[PDB]
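Pasting model-v1.txt here (compact mmCIF, N, CA and C atoms):
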# COMPACT_ATOMS: atom_id res chain seq x y z
N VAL A 1 7.35 40.27 41.19
CA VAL A 1 5.93 40.30 41.50
C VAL A 1 5.18 39.26 40.67
N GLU A 2 5.58 39.08 39.41
CA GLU A 2 5.00 38.03 38.60
C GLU A 2 5.44 36.66 39.07
N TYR A 3 6.66 36.57 39.60
CA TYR A 3 7.11 35.31 40.17
C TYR A 3 6.33 34.96 41.43
N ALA A 4 6.02 35.97 42.25
CA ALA A 4 5.19 35.74 43.41
C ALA A 4 3.76 35.39 43.07
N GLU A 5 3.25 35.92 41.96
CA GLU A 5 1.95 35.49 41.47
C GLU A 5 2.00 34.05 40.97
N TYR A 6 3.09 33.70 40.28
CA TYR A 6 3.23 32.39 39.66
C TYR A 6 3.35 31.28 40.69
N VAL A 7 4.10 31.52 41.76
CA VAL A 7 4.25 30.50 42.79
C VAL A 7 2.94 30.32 43.55
N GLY A 8 2.15 31.39 43.68
CA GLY A 8 0.85 31.25 44.29
C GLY A 8 -0.12 30.48 43.42
N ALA A 9 -0.04 30.68 42.11
CA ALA A 9 -0.92 29.94 41.22
C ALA A 9 -0.55 28.46 41.18
N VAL A 10 0.75 28.15 41.20
CA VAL A 10 1.12 26.74 41.17
C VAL A 10 0.83 26.10 42.52
N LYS A 11 0.83 26.89 43.60
CA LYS A 11 0.40 26.36 44.89
C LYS A 11 -1.09 26.05 44.88
N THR A 12 -1.89 26.90 44.24
CA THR A 12 -3.33 26.65 44.15
C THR A 12 -3.62 25.40 43.32
N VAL A 13 -2.94 25.26 42.18
CA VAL A 13 -3.19 24.11 41.32
C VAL A 13 -2.69 22.82 41.98
N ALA A 14 -1.55 22.88 42.68
CA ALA A 14 -1.07 21.71 43.40
C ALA A 14 -1.98 21.38 44.57
N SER A 15 -2.56 22.40 45.20
CA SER A 15 -3.52 22.17 46.27
C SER A 15 -4.77 21.50 45.73
N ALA A 16 -5.21 21.90 44.54
CA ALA A 16 -6.40 21.30 43.96
C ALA A 16 -6.13 19.86 43.53
N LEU A 17 -4.93 19.58 43.02
CA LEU A 17 -4.60 18.22 42.60
C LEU A 17 -4.47 17.28 43.79
N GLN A 18 -3.75 17.72 44.82
CA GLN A 18 -3.60 16.93 46.03
C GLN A 18 -4.94 16.78 46.74
N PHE A 19 -5.79 17.81 46.68
CA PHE A 19 -7.16 17.70 47.15
C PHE A 19 -7.94 16.65 46.37
N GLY A 20 -7.72 16.57 45.06
CA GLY A 20 -8.45 15.61 44.26
C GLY A 20 -8.10 14.18 44.60
N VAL A 21 -6.80 13.89 44.70
CA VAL A 21 -6.43 12.52 45.06
C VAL A 21 -6.76 12.22 46.52
N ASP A 22 -6.76 13.22 47.39
CA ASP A 22 -7.12 12.99 48.78
C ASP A 22 -8.61 12.72 48.92
N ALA A 23 -9.44 13.46 48.17
CA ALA A 23 -10.87 13.20 48.16
C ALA A 23 -11.18 11.85 47.55
N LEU A 24 -10.37 11.42 46.58
CA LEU A 24 -10.56 10.10 46.02
C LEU A 24 -10.21 9.01 47.03
N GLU A 25 -9.16 9.23 47.81
CA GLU A 25 -8.83 8.27 48.85
C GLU A 25 -9.88 8.19 49.94
N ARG A 26 -10.41 9.32 50.38
CA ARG A 26 -11.51 9.30 51.34
C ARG A 26 -12.75 8.62 50.76
N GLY A 27 -13.00 8.81 49.46
CA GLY A 27 -14.07 8.07 48.81
C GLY A 27 -13.84 6.58 48.77
N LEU A 28 -12.58 6.14 48.72
CA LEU A 28 -12.31 4.71 48.75
C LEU A 28 -12.69 4.11 50.10
N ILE A 29 -12.36 4.81 51.19
CA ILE A 29 -12.77 4.37 52.52
C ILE A 29 -14.28 4.39 52.64
N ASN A 30 -14.94 5.38 52.03
CA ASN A 30 -16.39 5.43 52.07
C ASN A 30 -17.02 4.26 51.33
N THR A 31 -16.46 3.90 50.18
CA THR A 31 -16.99 2.76 49.44
C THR A 31 -16.75 1.45 50.18
N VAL A 32 -15.61 1.33 50.85
CA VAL A 32 -15.32 0.13 51.62
C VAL A 32 -16.29 -0.01 52.78
N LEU A 33 -16.57 1.10 53.47
CA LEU A 33 -17.54 1.07 54.55
C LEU A 33 -18.94 0.76 54.05
N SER A 34 -19.28 1.25 52.87
CA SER A 34 -20.60 0.97 52.33
C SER A 34 -20.74 -0.48 51.90
N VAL A 35 -19.70 -1.07 51.30
CA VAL A 35 -19.84 -2.45 50.86
C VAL A 35 -19.77 -3.39 52.05
N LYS A 36 -19.07 -3.02 53.13
CA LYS A 36 -19.14 -3.85 54.31
C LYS A 36 -20.46 -3.73 55.03
N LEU A 37 -21.08 -2.55 55.03
CA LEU A 37 -22.40 -2.44 55.61
C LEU A 37 -23.47 -3.10 54.76
N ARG A 38 -23.23 -3.26 53.46
CA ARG A 38 -24.25 -3.91 52.64
C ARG A 38 -24.32 -5.40 52.88
N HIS A 39 -23.19 -6.06 53.15
CA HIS A 39 -23.21 -7.48 53.46
C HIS A 39 -23.23 -7.71 54.96
N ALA A 40 -23.90 -6.83 55.71
CA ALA A 40 -23.92 -6.90 57.17
C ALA A 40 -25.34 -7.11 57.68
N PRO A 41 -25.71 -8.34 58.01
CA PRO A 41 -26.97 -8.56 58.71
C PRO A 41 -26.85 -8.09 60.15
N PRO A 42 -27.96 -7.81 60.83
CA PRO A 42 -27.87 -7.26 62.18
C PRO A 42 -27.44 -8.26 63.24
N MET A 43 -27.34 -7.77 64.47
CA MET A 43 -26.86 -8.58 65.58
C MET A 43 -27.87 -9.64 65.98
N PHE A 44 -29.15 -9.28 66.02
CA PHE A 44 -30.14 -10.17 66.61
C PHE A 44 -30.53 -11.31 65.68
N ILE A 45 -29.96 -11.39 64.49
CA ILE A 45 -30.18 -12.55 63.64
C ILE A 45 -28.98 -13.48 63.69
N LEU A 46 -27.78 -12.92 63.58
CA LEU A 46 -26.59 -13.75 63.64
C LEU A 46 -26.14 -14.06 65.05
N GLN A 47 -26.84 -13.56 66.07
CA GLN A 47 -26.59 -14.08 67.40
C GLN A 47 -27.15 -15.48 67.53
N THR A 48 -28.21 -15.78 66.77
CA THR A 48 -28.87 -17.06 66.84
C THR A 48 -28.49 -17.98 65.70
N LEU A 49 -28.38 -17.44 64.49
CA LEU A 49 -28.10 -18.28 63.33
C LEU A 49 -26.69 -18.83 63.36
N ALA A 50 -25.77 -18.13 64.02
CA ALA A 50 -24.44 -18.68 64.23
C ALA A 50 -24.43 -19.78 65.28
N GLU B 1 22.94 78.83 17.78
CA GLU B 1 22.82 77.98 18.95
C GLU B 1 24.16 77.85 19.65
N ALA B 2 24.14 77.98 20.98
CA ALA B 2 25.33 77.73 21.77
C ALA B 2 25.64 76.25 21.88
N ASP B 3 24.68 75.39 21.55
CA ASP B 3 24.91 73.96 21.57
C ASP B 3 24.04 73.30 20.52
N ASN B 4 24.49 72.14 20.05
CA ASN B 4 23.81 71.39 19.02
C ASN B 4 23.24 70.08 19.53
N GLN B 5 23.50 69.74 20.78
CA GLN B 5 23.03 68.50 21.38
C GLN B 5 23.12 68.65 22.89
N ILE B 6 22.32 67.88 23.61
CA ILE B 6 22.34 67.90 25.06
C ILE B 6 22.58 66.49 25.57
N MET B 7 23.50 66.36 26.51
CA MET B 7 23.92 65.06 27.01
C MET B 7 22.89 64.59 28.01
N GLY B 8 22.01 63.69 27.58
CA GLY B 8 20.94 63.20 28.42
C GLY B 8 21.02 61.70 28.64
N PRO B 9 20.14 61.17 29.48
CA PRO B 9 20.18 59.73 29.78
C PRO B 9 19.78 58.88 28.59
N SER B 10 20.25 57.64 28.62
CA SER B 10 20.11 56.72 27.50
C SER B 10 19.07 55.63 27.73
N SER B 11 18.84 55.24 28.98
CA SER B 11 17.85 54.22 29.28
C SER B 11 16.98 54.72 30.42
N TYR B 12 15.85 54.06 30.59
CA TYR B 12 14.95 54.41 31.67
C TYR B 12 15.54 53.94 32.98
N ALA B 13 15.52 54.81 33.99
CA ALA B 13 16.04 54.44 35.30
C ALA B 13 15.10 53.44 35.96
N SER B 14 15.52 52.18 36.02
CA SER B 14 14.63 51.08 36.34
C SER B 14 14.25 51.07 37.82
N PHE B 15 13.03 50.60 38.09
CA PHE B 15 12.56 50.38 39.45
C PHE B 15 11.47 49.32 39.38
N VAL B 16 11.74 48.16 39.96
CA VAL B 16 10.76 47.09 40.06
C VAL B 16 10.59 46.72 41.52
N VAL B 17 9.50 46.02 41.81
CA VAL B 17 9.21 45.62 43.18
C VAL B 17 10.15 44.49 43.55
N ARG B 18 11.24 44.83 44.23
CA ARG B 18 12.22 43.84 44.65
C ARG B 18 11.76 43.13 45.92
N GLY B 19 12.71 42.50 46.60
CA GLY B 19 12.41 41.55 47.67
C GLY B 19 11.71 42.21 48.86
N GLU B 20 12.28 43.30 49.40
CA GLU B 20 11.77 43.83 50.66
C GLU B 20 10.46 44.57 50.48
N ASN B 21 10.18 45.02 49.26
CA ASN B 21 8.89 45.64 49.01
C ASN B 21 7.82 44.60 48.76
N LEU B 22 8.22 43.40 48.33
CA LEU B 22 7.27 42.41 47.85
C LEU B 22 6.41 41.85 48.97
N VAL B 23 6.94 41.83 50.19
CA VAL B 23 6.15 41.36 51.33
C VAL B 23 5.00 42.31 51.60
N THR B 24 5.28 43.61 51.53
CA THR B 24 4.23 44.61 51.63
C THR B 24 3.35 44.63 50.40
N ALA B 25 3.86 44.16 49.26
CA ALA B 25 3.02 44.04 48.08
C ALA B 25 1.96 42.97 48.26
N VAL B 26 2.35 41.81 48.79
CA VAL B 26 1.41 40.71 48.87
C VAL B 26 0.52 40.84 50.10
N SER B 27 1.07 41.29 51.23
CA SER B 27 0.29 41.28 52.45
C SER B 27 -0.61 42.50 52.57
N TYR B 28 -0.24 43.60 51.93
CA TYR B 28 -0.96 44.85 52.09
C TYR B 28 -1.43 45.47 50.80
N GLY B 29 -0.74 45.23 49.69
CA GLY B 29 -0.96 46.06 48.53
C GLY B 29 -0.50 47.48 48.74
N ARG B 30 0.64 47.66 49.39
CA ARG B 30 1.18 48.98 49.68
C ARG B 30 2.68 48.92 49.38
N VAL B 31 3.07 49.26 48.16
CA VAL B 31 4.48 49.25 47.79
C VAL B 31 4.98 50.67 47.82
N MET B 32 6.11 50.89 48.47
CA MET B 32 6.70 52.22 48.45
C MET B 32 7.88 52.25 47.50
N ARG B 33 8.24 53.46 47.11
CA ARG B 33 9.43 53.69 46.31
C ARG B 33 10.61 53.85 47.24
N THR B 34 11.68 53.12 46.94
CA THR B 34 12.94 53.12 47.69
C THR B 34 12.72 52.78 49.16
N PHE B 35 12.28 51.54 49.38
CA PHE B 35 12.19 50.98 50.73
C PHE B 35 13.53 50.99 51.44
N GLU B 36 14.62 50.85 50.68
CA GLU B 36 15.96 50.93 51.25
C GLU B 36 16.25 52.32 51.80
N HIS B 37 15.67 53.36 51.20
CA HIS B 37 15.84 54.71 51.74
C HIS B 37 15.11 54.88 53.06
N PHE B 38 13.92 54.31 53.18
CA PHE B 38 13.19 54.39 54.43
C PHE B 38 13.90 53.60 55.51
N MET B 39 14.45 52.44 55.15
CA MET B 39 15.19 51.64 56.13
C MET B 39 16.49 52.31 56.52
N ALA B 40 17.10 53.05 55.61
CA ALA B 40 18.27 53.81 55.99
C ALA B 40 17.90 55.07 56.76
N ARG B 41 16.64 55.49 56.72
CA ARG B 41 16.29 56.67 57.50
C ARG B 41 15.81 56.32 58.90
N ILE B 42 14.70 55.59 59.01
CA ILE B 42 14.03 55.44 60.30
C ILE B 42 14.42 54.16 61.01
N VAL B 43 15.49 53.51 60.58
CA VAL B 43 16.00 52.37 61.34
C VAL B 43 17.45 52.64 61.71
N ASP B 44 18.30 52.85 60.71
CA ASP B 44 19.70 53.17 60.97
C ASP B 44 19.78 54.67 61.08
N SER B 45 20.05 55.15 62.29
CA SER B 45 20.16 56.55 62.65
C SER B 45 18.92 57.36 62.29
N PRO B 46 17.82 57.23 63.03
CA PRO B 46 16.69 58.14 62.84
C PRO B 46 16.93 59.53 63.41
N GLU B 47 17.99 59.69 64.18
CA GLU B 47 18.45 60.96 64.75
C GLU B 47 19.07 61.88 63.72
N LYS B 48 19.28 61.38 62.51
CA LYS B 48 19.98 62.10 61.46
C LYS B 48 19.12 63.26 60.99
N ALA B 49 19.65 64.47 61.15
CA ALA B 49 18.96 65.65 60.66
C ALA B 49 19.01 65.67 59.14
N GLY B 50 17.85 65.48 58.53
CA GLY B 50 17.76 65.40 57.08
C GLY B 50 17.96 66.75 56.44

Take the structure in this file and express it as structure tokens.
Amino acid sequence: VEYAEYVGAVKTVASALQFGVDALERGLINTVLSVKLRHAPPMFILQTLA
Amino acid sequence: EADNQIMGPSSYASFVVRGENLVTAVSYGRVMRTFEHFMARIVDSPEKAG
């Protein structure tokens, strides 16, 4: 019964760790999308300036 | 005295939540004593006059 408690606790901690690196990876995509949108002028200016 | 000592047990008769009880421990919180006795009663020959 203590072993069944222990494997559940290590599953929770491993879930939190894998959640942490997964949330960090999703944040990397979010930062990439934000920095590409920051250097993005709209369509109706670069349709003409190009 | 007709006797000077009585032949009694030496250790506690152990009982821990083993494998087949543990599923009911985690899923229900309902552990029974001697799950093997219940499985020998109401699964293998429930016709057995107790």

Using only C-alpha atoms, what does the table of chain B residues within 12 Å of chain A look like, with each row giving the shortest atom pair and its distance in Å to one decimal, sorted by chain and ascending number, as CSV?
residue,atom,partner,partner_atom,distance
B:16,CA,A:1,CA,8.5
B:17,CA,A:1,CA,6.5
B:18,CA,A:1,CA,7.9
B:19,CA,A:1,CA,9.0
B:20,CA,A:1,CA,11.4
B:21,CA,A:1,CA,9.7
B:22,CA,A:1,CA,6.8
B:23,CA,A:4,CA,9.8
B:24,CA,A:1,CA,11.1
B:25,CA,A:1,CA,8.1
B:26,CA,A:4,CA,8.3
B:27,CA,A:4,CA,11.7
B:29,CA,A:1,CA,11.4
B:31,CA,A:1,CA,11.0

Could you pull out the residues in chain B that DSSP calls helix (DSSP H, G or I) from the backbone, as a ChimeraX atom specification?
-> /B:19-27,35-42

One decimal place gives the atom CA of residue A:32-atom CA of residue A:47 separation as 24.0 Å

From atom CA of residue B:37 to atom CA of residue B:50 the spacing works out at 12.1 Å

Please report, as AutoDock Vina command-line options, the centre and edge lengths in Å to one decimal of an axis-aligned box covering all listed atoms of stretch 38-50 of chain B with 4 Å per side.
--center_x 16.7 --center_y 59.2 --center_z 59.0 --size_x 15.0 --size_y 23.1 --size_z 19.6

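Between atom N of residue B:14 and atom C of residue A:7 there is a distance of 26.3 Å.
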
Working from the structure I just supplied, which lacks atoms in stretch 12-29 of chain B, can you model N, CA, C and O atoms there and output them as a compact mmCIF listing (two decimals), in the frame of the given file?
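Output below, filename out-v1.txt:
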# COMPACT_ATOMS: atom_id res chain seq x y z
N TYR B 12 15.85 54.06 30.59
CA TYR B 12 14.95 54.41 31.67
C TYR B 12 15.54 53.94 32.98
O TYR B 12 16.02 52.81 33.08
N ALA B 13 15.52 54.81 33.99
CA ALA B 13 16.04 54.44 35.30
C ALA B 13 15.10 53.44 35.96
O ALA B 13 14.01 53.80 36.42
N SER B 14 15.52 52.18 36.02
CA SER B 14 14.63 51.08 36.34
C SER B 14 14.25 51.07 37.82
O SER B 14 15.01 51.49 38.69
N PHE B 15 13.03 50.60 38.09
CA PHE B 15 12.56 50.38 39.45
C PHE B 15 11.47 49.32 39.38
O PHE B 15 10.41 49.56 38.80
N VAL B 16 11.74 48.16 39.96
CA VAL B 16 10.76 47.09 40.06
C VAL B 16 10.59 46.72 41.52
O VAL B 16 11.42 47.04 42.37
N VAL B 17 9.50 46.02 41.81
CA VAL B 17 9.21 45.62 43.18
C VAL B 17 10.15 44.49 43.55
O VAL B 17 9.90 43.32 43.23
N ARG B 18 11.24 44.83 44.23
CA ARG B 18 12.22 43.84 44.65
C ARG B 18 11.76 43.13 45.92
O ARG B 18 10.58 43.15 46.25
N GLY B 19 12.71 42.50 46.60
CA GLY B 19 12.41 41.55 47.67
C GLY B 19 11.71 42.21 48.86
O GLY B 19 10.64 41.76 49.28
N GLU B 20 12.28 43.30 49.40
CA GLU B 20 11.77 43.83 50.66
C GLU B 20 10.46 44.57 50.48
O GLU B 20 9.69 44.71 51.43
N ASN B 21 10.18 45.02 49.26
CA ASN B 21 8.89 45.64 49.01
C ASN B 21 7.82 44.60 48.76
O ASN B 21 6.63 44.87 48.96
N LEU B 22 8.22 43.40 48.33
CA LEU B 22 7.27 42.41 47.85
C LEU B 22 6.41 41.85 48.97
O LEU B 22 5.26 41.46 48.73
N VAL B 23 6.94 41.83 50.19
CA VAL B 23 6.15 41.36 51.33
C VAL B 23 5.00 42.31 51.60
O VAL B 23 3.86 41.90 51.83
N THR B 24 5.28 43.61 51.53
CA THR B 24 4.23 44.61 51.63
C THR B 24 3.35 44.63 50.40
O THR B 24 2.21 45.10 50.47
N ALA B 25 3.86 44.16 49.26
CA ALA B 25 3.02 44.04 48.08
C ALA B 25 1.96 42.97 48.26
O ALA B 25 0.79 43.18 47.94
N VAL B 26 2.35 41.81 48.79
CA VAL B 26 1.41 40.71 48.87
C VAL B 26 0.52 40.84 50.10
O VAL B 26 -0.69 40.60 50.04
N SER B 27 1.07 41.29 51.23
CA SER B 27 0.29 41.28 52.45
C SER B 27 -0.61 42.50 52.57
O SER B 27 -1.63 42.44 53.27
N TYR B 28 -0.24 43.60 51.93
CA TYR B 28 -0.96 44.85 52.09
C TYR B 28 -1.43 45.47 50.80
O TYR B 28 -2.43 46.19 50.81
N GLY B 29 -0.74 45.23 49.69
CA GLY B 29 -0.96 46.06 48.53
C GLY B 29 -0.50 47.48 48.74
O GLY B 29 -1.20 48.41 48.35
